[PDB]
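Read in the entry's author numbering, the sequence shown has 9 at position 9, and its numbers run on one by one without any break. The beta carbon of each residue, even a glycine, is placed where N, CA and C say it ideally should be. One structure is given here, and the rest of the page talks about it.
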Amino acid sequence: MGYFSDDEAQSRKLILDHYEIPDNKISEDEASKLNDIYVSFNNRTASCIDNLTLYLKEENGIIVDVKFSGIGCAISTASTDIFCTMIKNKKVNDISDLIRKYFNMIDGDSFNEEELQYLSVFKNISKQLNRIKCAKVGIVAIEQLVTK
Ligand SMILES: [Zn+2]
């Protein structure tokens, strides 16, 4: 929220606006009536209230629609949503790349702000305590849904 740095306040509205107004977050009503072309994975962390179910739909090697649902914090609802908007018409390869490249930046290592884009606000969550699993919980669910 501060304004000494240039990134901080701009980076702390992307989280606030993808957590109070997520783009791809559905209701438990809306999820049950989804077409059975969607796959699902629920991942839960015990370090927060983050228990999210992801929904991906494949159309000839291209992920066409991604939605997520459930309970989550700002770090979980922003990381999932921002990730969801970006994997939105990409292929089942070049998503598995973002996931591990995102995880390496979450693990405090090399990242490309051109490849990770608005996931680069999470570039130093390994410095905030017990927030690493909050920024991995929803993307690990996507990870399973791309492989299995
Ligand atoms: Zn959390």
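Got a sec? Which residues, its chain only, sit under 8 Å from residue i by beta carbon, not counting five neighbours each side?
{"i": "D23", "result": "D81, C84, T85"}
Do you know offhand how far residue i's Cα is from residue j's?
{"i": "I75", "j": "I142", "result": "16 Å"}
{"i": "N35", "j": "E58", "result": "12 Å"}
{"i": "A9", "j": "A78", "result": "15 Å"}
{"i": "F122", "j": "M105", "result": "8 Å"}
{"i": "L119", "j": "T147", "result": "21 Å"}
{"i": "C48", "j": "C134", "result": "7 Å"}
Can you pull the DSSP bridge partners for residue i?
{"i": "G70", "result": "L52"}
{"i": "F41", "result": "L54"}
{"i": "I62", "result": "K91"}
{"i": "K133", "result": "In the DSSP output, where bridge partners are listed per residue, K133 has none listed."}
Check whether the Cβ of residue i lies closer than 7 Å to any heavy atom of ligand 1, and answer yes or no.
{"i": "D81", "result": "no"}
{"i": "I139", "result": "no"}
{"i": "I125", "result": "no"}
Restricting to Cα atoms, I'd like to know which of the options is closest to residue i.
{"i": "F41", "options": "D29, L16, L52", "result": "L52"}
{"i": "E115", "options": "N124, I125, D97", "result": "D97"}
{"i": "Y102", "options": "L145, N89, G138, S5", "result": "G138"}
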